[PDB]
RNA sequence: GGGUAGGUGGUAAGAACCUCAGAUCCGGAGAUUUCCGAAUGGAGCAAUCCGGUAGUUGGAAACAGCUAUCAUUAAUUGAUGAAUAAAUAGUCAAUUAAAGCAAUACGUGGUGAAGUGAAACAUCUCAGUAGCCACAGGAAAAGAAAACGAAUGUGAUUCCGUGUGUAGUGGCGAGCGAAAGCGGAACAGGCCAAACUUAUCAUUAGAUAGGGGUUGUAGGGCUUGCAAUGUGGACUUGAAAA
RNA sequence: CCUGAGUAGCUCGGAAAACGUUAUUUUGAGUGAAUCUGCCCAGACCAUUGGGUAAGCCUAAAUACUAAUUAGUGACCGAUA
RNA sequence: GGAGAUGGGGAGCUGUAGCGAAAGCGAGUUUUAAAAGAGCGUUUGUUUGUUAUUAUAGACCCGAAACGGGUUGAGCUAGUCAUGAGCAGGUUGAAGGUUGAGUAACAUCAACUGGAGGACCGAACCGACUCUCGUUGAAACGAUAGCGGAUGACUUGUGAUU
RNA sequence: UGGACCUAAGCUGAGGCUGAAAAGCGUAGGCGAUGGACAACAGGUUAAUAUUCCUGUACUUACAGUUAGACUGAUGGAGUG
RNA sequence: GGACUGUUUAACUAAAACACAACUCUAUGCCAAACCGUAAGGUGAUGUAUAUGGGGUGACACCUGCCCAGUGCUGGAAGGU
RNA sequence: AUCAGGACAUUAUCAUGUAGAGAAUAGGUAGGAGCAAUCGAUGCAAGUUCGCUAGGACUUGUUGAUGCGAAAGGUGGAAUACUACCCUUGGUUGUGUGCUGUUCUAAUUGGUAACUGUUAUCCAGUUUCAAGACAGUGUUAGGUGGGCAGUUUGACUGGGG
RNA sequence: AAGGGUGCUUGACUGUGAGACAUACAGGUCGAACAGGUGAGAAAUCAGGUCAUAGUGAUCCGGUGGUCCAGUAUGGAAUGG
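Protein chains in written order, with the deposited numbering: chain f, 1 to 145; chain v, 2 to 64.
Okay, structure coming up:
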C-alpha cells in the first residue's frame with residue numbers, strides 16, 4: 001500500500017503529486033505506474049527525495065519515450081505467414097510483436113497496447129496510445145504464402 | 002505441504018466443542034492463496050502464500 | 001612392551017611336526033578384510049545377473065583377466081543455456097554433508113486411544129499417558145524479569161523437603177491440585193540490530209567491513225577530557241610437571 | 001537521536017497453566033497501534049503507588065539413565081526357582 | 001561419616017485459647033437490643049517399635065463377551081484384469097442364400113446348400129440332490145450306489161488384483 | 001528352460017503435485033511371462049546323467065585377413081509379423 | 001408358486017430366493033451426476049441423453065382403480081418468523 | 001475499477017398545512033402597535049403550488065418609490081408589523097455505507113489449444129479461449145443430515161413381560 | 001360445644017427456648033418459661049393459625065431486598081460473603 005502516483009495524466013486524471021484512494025490491492029497499486037514508497041519517512045527526507053525522483057523520472061522518461069517513438073516511426077517490423085490454399089488463414093498476435101520487439105533488445109510493457117488480435121492479410125498498421133504524449137504506428141509487413 | 006514456503010508456520014489440530022461440552026478433534030487449516038510473489042530482478046515464480054504473510058509483504062512494499 | 005617352556009581353539013586317540021636366533025601367550029599401534037547388507041552402475045525374487053567410461057597384459061579381433069571409477073538431494077563454484085534476444089527455466093562438470101544403524105534405559109517437539117472411576121453415563125477423570133512420527137545429544141530441556149510478590153522482600157534456570165494435601169477450581173460428584181515465603185547443591189553472564197559514522201557496493205541502498213551498544217540506581221550514541229596498561233574468560237595454540 | 005512490527009492490544013473460535021478459559025501466555029480467523037513527559041504488570045478495568053523494558057540471539061551446574069571393563073556386594077534364588 | 005548406627009543441620013508441625021462465615025473479639029465468643037436466654041470452650045503435651053482397620057496405588061488369589069491403537073494375510077474357498085488350455089461321440093438340422101411355379105413387384109409353394117442355437121442325449125471336466133456307511137472316523141467333511149450340466153454367465157492353470 | 005531381447009495385468013520411480021510427520025499419487029526411464037524369436041538329430045554309453053557323455057551328419061551368430069560385387073542405411077517414418 | 005440356462009448359505013437348508021431379458025419412475029449438457037479420500041488424483045469414459053447412476057416389479061398377453069388431509073420432493077417470495 | 005436505479009443521511013436549500021376558529025396556510029410559546037423600503041408599484045403572462053379550484057404566492061427581460069384595511073373594533077380551545085426556537089410536506093444535498101443490474105480485466109480459476117524443458121497425455125513458462133471479483137477455496141455462524149461414535153434404555157412381581 | 005351471630009382484630013408477632021415424644025441419618029411433633037412491643041377485655045387473663053391429623057421435594061446451581069462482611073498494594077467498583 002502507498003499514496004504515490006507516477007507518470008500519468010490518464011487513469012482518473014490528477015496532479016503529479018502524492019494521492020491515492022485507499023483500497024487494498026486495487027489498480028492504485030497493481031500497476032508499475034504507481035510506486036509503492038515507504039510512508040514512514042515520506043515527510044521531509046523521502047519528501048524532497050521523491051521530488052527529485054519525480055523531476056528526474058519526468059525528464060528521462062519523456063526523453064526515452066521520444067527516442068522510442070522515433071525508433072518505432074522510423075522502423076517497420078516483419079513477420080512471415082503460413083497459410084493453406086492461399087486463402088486468408090492467419091492473423092497477428094501480440095506475443096509475436098512483443099517477441100520481435102525483444103529481438104531489437106527491449107522488453108516493452110503491455111500497458112501501451114489495447115488490441116488483442118489483428119488481421120494479417122495484406123499490409124496492416126495500427127497507431128495505439130503508447131504513452132500520454134508520444135504516439136507511433138506499429139508498421140508491420142505481412143504477406144501470405 | 003499445506004504451508005507457505007516463505008516461513009514454517011504450521012496449521013493446528015485442536016479441540017472443537019458445541020452446546021454440550023463434548024470434545025472432538027478438529028483441523029484448523031490456515032488461509033492459503035497462491036499469490037504471485039516478487040523478488041530481485043523479476044522471476045516472480047508464483048508460490049502458495051498465507052493471507053497474513055500476504056499482508057506483511059504488502060506493508061513492506063514487497064507485494 | 002611384558003612374559004618367556006611349551007604349542008597346533010573343546011570331543012587329544014596320533015601321524016606331521018613347530019618351539020630357547022626366544023616362540024606358543026597377555027597389551028599398544030597396525031595391515032588386509034569375499035558377497036549381501038543404509039547399499040550407491042542398473043536391475044533384483046538378499047547373500048544373484050548384466051554392466052559403461054579410464055588405464056592395463058595377451059593376441060588379428062570379438063574377449064579374457066588385472067586396477068580404479070560411475071547413486072539421489074542440498075549448498076558453493078564454473079560452464080552451457082529453451083519456449084522468445086538477453087533473462088529465466090532446465091543441462092552438465094568439480095568440490096562438502098548425511099542419506100543408515102542402536103541403549104526395550106533417557107529428553108524435546110508434532111501427535112495422539114478407549115475399556116475402567118464416577119458403583120450406570122455424555123461433562124471431568126482415565127492421561128497428555130498406550131501406540132505412532134521427527135530430531136537428537138550424553139545428558140537433554142529451560143535458562144537471565146515486561147519475574148514475582150505486598151514488603152525499604154528476593155533478584156538467570158533446577159531439584160529435593162516444607163508449605164499442603166493448604167489456595168483453589170470441579171455434572172462443586174468422582175476428584176484434581178498449585179503459586180509464594182523458607183533450608184540446601186552448584187551457582188558466568190554474555191552476544192547481534194539501532195541511531196551515528198569510513199571505504200567499498202550502479203547511491204532508483206534494498207549490500208561487506210573498522211567501530212558502537214545491550215539498558216531500568218534508563219542506557220547507548222552525538223560534542224568534549226581525565227584515566228587506566230587493569231581483571232575475567234565459558235574460551236586458540238604449543239611446551240613442561242602430575 | 002536509537003532503544004527490536006502484523007509486534008502489543010482488540011473481536012470471534014481453543015489450549016496450557018491446579019482452572020472446566022478468568023488476570024498471564026497461543027494464534028486459528030480478522031482489525032490494529034504508543035514510541036521515555038513513554039510502553040506493560042501487582043487473577044477484570046481505570047486513578048495512585050510500586051515493579052519491569054517484551055515484541056532479538058546463545059550459554060552448565062544442582063539433575064535422567066546404564067546396553068557398555070574391574071572393584072565387588074547380597075538375612076537374593078538354587079536346575080518346576 | 002564402612003552401601004552403618006551416629007553427628008551436624010533450626011526449615012514446617014503438634015499442643016500450648018478459643019469462638020465467630022468473616023471482619024473481629026477474647027476466658028470468653030456468636031445469634032442477638034441484650035449484659036437475658038441459648039450453641040460451643042474453661043490444661044494432658046509430644047516423636048517412635050508395634051498389632052488390627054482404612055484411602056490411594058493391579059491391592060486376597062485366578063476366571064468374559066470386550067474397546068482402541070498398530071502389524072500382518074487375496075496362496076484358498078469371492079469378484080476383477082492380463083494370459084493360455086480343455087470339451088470324446090451321436091443327434092436336432094434355424095436364418096440367410098440358390099433353383100423352378102406364381103406374384104405388376106415383393107410377399108408365398110416345392111427342392112438344393114446351409115449350420116444356427118445361454119439347442120438335445122450322453123464321455124471326460126466341474127456340482128453335490130438323495131438311502132445307507134462313519135459320526136473318537138480311511139477322511140477336522142468323504143465312500144459305494146444312484147443324480148445335473150456338458151459349447152458356455154463352463155471349468156481351469158500362471159501372474160497381479162481389492 | 002530362462003537371463004544376456006520385448007511386453008499385457010501391475011510394481012518401481014529421477015521429474016513433480018497433495019498430506020503434521022509418517023506417506024498417497026503420478027511422467028519419463030527401469031522392472032516384471034502364461035505369450036512374442038530362432039540354429040541337432042539318430043543311435044549307442046556305465047548301476048544311477050543323457051538332445052548336455054561318445055560316433056556320423058548339420059546349423060547358428062562376433063571379429064581379423066582374404067578374394068569378388070555393390071554406396072550407404074537409423075533412435076526417425078509406412079507395411080509385415 | 002417361480003417363467004425359463006444358471007447362481008450362491010463350503011463343515012445341518014439351494015428352494016417359491018437372486019439373477020434376469022421387459023417395463024415404469026427418477027438425476028444428470030461435462031470439470032457429467034454419483035462414487036473412493038485427507039487431497040491430489042482416478043472410474044464414470046480416452047462415454048454423450050437411442051448414456052450412465054439409483055429405485056420397484058420381473059418372459060408373454062389383459063388391466064393397472066380413488067386419495068396431497070399428514071412426511072419426501074418441486075415453484076414462489078408477495079406476507080410472518 | 002465503472003456507473004443507473006438505489007435506502008438510510010435528508011449538508012445546503014425556498015415555499016410551509018383554509019382544524020369549532022379565522023376575510024387568510026393565526027400553523028405554538030414570546031419584547032408586542034414601524035421606517036421592513038438598494039431585504040420597493042396595484043398590468044405582463046403565470047412556473048408552480050395550498051389545490052376546500054378564488055384562496056397562499058416564493059414567480060419574472062416593456063415597472064426604478066408598492067405601503068400593510070389581515071396590527072387597535074373582527075374571529076378565538078392560540079392575533080396579523082423590526083427578533084429566537086418548534087409536526088417545516090418535500091422539489092434538493094456531500095455523498096459514508098448496503099441492494100441489485102449491467103461495462104471491463106490486471107486480481108483469481110480452467111481438465112480449451114499451441115510452443116518449449118521433454119521423443120514425457122503430469123507439471124513449469126508464457127498467448128489465446130473459457131470465465132471472472134461469483135465460485136475454488138481458508139475462517140466464523142446458522143439449516144439439513146443414523147452414512148457414521150457413545151448412550152441410557154426404573155423397580156416390584158407366588159418366573160419375565 | 002372447640003357449634004350461631006355479634007364490636008375490634010391481624011400475637012396467621014420478633015429473638016429464644018430448659019424439656020420431652022418419636023427416631024439409623026435426616027428431618028418430624030408439642031410445650032413451660034424469659035425479654036421487646038403489641039391488639040381483645042373493666043378485670044381475671046388471652047392471643048407464637050385453624051377440634052385433631054393429609055394441604056408436600058434435599059443439596060448444589062441461578063439471580064431478586066437488606067446487610068455492624070470482605071474488597072488479591074492503596075481508593076472505590078467489580079466480585080463474591
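Cβ coordinates follow ideal geometry from the N, Cα and C atoms, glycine included.
Any contact of the region 85 to 96 of chain f with the region 113 to 121 of chain f, i.e. 3+ C-beta pairs under 8 Å?
The region 85 to 96 of chain f makes contact with the region 113 to 121 of chain f, as at least three CB pairs between them are under 8 Å.
So residue 38/f contacts chain v; which residues on that side make the cut at Cβ distance below 8 Å?
As a working note, residue 38/f is residue 38 in the first chain. In chain order: 62.
Nearest-angstrom Cα separation, counted from residue 50/v out to residue 62/f
On the first chain, position 62 is the one that residue 62/f refers to. On the second chain, position 49 is the one that residue 50/v refers to. One C-alpha to the other measures close to 38 Å.
Out of curiosity, what's the CA-to-CA distance linking residue 22/f and residue 114/f?
As a working note, residue 22/f is residue 22 in the first chain. As a working note, residue 114/f is residue 114 in the first chain. Near 27 Å, if we compare the C-alpha coordinates of residue 114/f and residue 22/f.
Counting along the chain, where does the alpha helix (DSSP H) carrying residue 76/v start and finish?
Nothing can be reported for residue 76/v, as the shown portion of chain v is limited to 2 through 64.
Partners in chain v for residue 1/f, counting only beta-carbon separations shorter than 9 Å
As a first step, residue 1/f is located in the first chain; it is residue number 1 there, counting from the start. Here the neighbours are 59, 60, 62.
Best match in 140/f, 132/f, 74/f, 126/f for proximity to residue 100/f [C-alpha to C-alpha]
Taking the first residue of the first chain as 1, we reach residue 100/f at position 100. 140/f is the residue among 140/f, 132/f, 74/f, 126/f whose C-alpha sits nearest the C-alpha of residue 100/f.
List, from N- to C-terminal side, the alpha helix (DSSP H) runs of 4 residues or more that fit wholly inside the region 40 to 121 of chain f.
45 to 74, 94 to 104
Could you name the residues that DSSP lists as bridge partners for residue 14/v?
One-based indexing of the second chain puts residue 14/v at position 13. DSSP links residue 14/v through a beta bridge to 28/v.
On the three-state DSSP scale, how would you describe residue 134/f?
The residue given as residue 134/f occupies position 134 in the first chain. Correct three-state label for residue 134/f: coil.
Going straight from the alpha carbon of residue 130/f to that of residue 14/f, what length do you get?
Your numbering for residue 130/f matches position 130 in the first chain. Your numbering for residue 14/f matches position 14 in the first chain. One C-alpha to the other measures close to 19 Å.
Taking Cβ positions, are residue 33/f and residue 7/f nearer each other than 8 Å?
For this step, residue 33/f is matched to residue 33 along the first chain. For this step, residue 7/f is matched to residue 7 along the first chain. Taking 8 Å as the Cβ cut-off, residue 33/f and residue 7/f qualify as a contacting pair.
Rounded Cβ spacing between residue 3/f and residue 20/f (contact assumed at less than 8 Å):
Taking the first residue of the first chain as 1, we reach residue 3/f at position 3. Taking the first residue of the first chain as 1, we reach residue 20/f at position 20. About 4 Å separates the two Cβ atoms, so the contact holds.
So does the region 100 to 112 of chain f actually touch the region 10 to 28 of chain v, counting three or more Cβ pairs closer than 8 Å?
In short, these stretches do not touch, since the Cβ pair count stays below three.
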